[PDB]
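Structure record follows, encoded as structure tokens.
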Amino acid sequence: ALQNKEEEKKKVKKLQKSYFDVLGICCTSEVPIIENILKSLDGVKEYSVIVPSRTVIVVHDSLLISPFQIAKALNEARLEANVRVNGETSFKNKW
Ligand SMILES: [Zn+2]
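Throughout, PDB author numbering is defined as the position within the sequence shown, counted from one, plus 1.
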């Protein structure tokens, strides 16, 4: 029955949380490096690196900093970052 994020209910309605897909993510020793990039950014409140599920979550104020800035920062390191990939849903042509 849907994700029902209501379970966590981290915040009632503050800032704008965004999810980034880091494909260029390898090992776990890069954790510190990944966190360092976010630290450099301003407006970020908190973040966590989940390699086990290959997912990255970060909470920041859209006004202070937009998701594009976070994704761009990751791109600099060349770790390939994307905000919620919508894929393309091919009819039948898929490599
Ligand atoms: Zn590595």
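Think of the CB as a built atom: it goes at the ideal place given N, C-alpha and C, for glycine as much as any other residue.
**Message:** Less than 7 Å between C-beta atoms, sequence neighbours within five positions excluded: which residues of the same chain meet that for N76?
**Reply:** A82, listed in sequence order.
**Item:** Option nearest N37 by Cα separation, candidates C27, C28, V50, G25
**Value:** Per the Cα distances, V50.
**Within 8 Å, strictly: CB atoms of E47 and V60** = Contact flag set, yes.
**Request:** Compute every distance between the C-beta of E31 and the non-hydrogen atoms of ligand 1, then say whether any falls below 7 Å.
**Result:** Between ligand 1 and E31, a heavy atom-to-CB distance of less than 7 Å is present.
**Asked** DSSP three-state call for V86: helix, strand or coil?
**Response** Correct three-state label for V86: coil.
**Asked** In terms of residues, what are the limits of the beta strand (DSSP E) holding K46?
**Response** DSSP places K46 in the uninterrupted beta strand (DSSP E) bounded by 45–51.
**Asked** Roughly how many whole angstroms lie between the Cα atoms of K73 and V45?
**Response** Taking the straight line joining both Cα atoms gives about 14 Å.
**Message:** Strictly by DSSP, which residues pair up with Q17?
**Reply:** Paired residue(s): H61.
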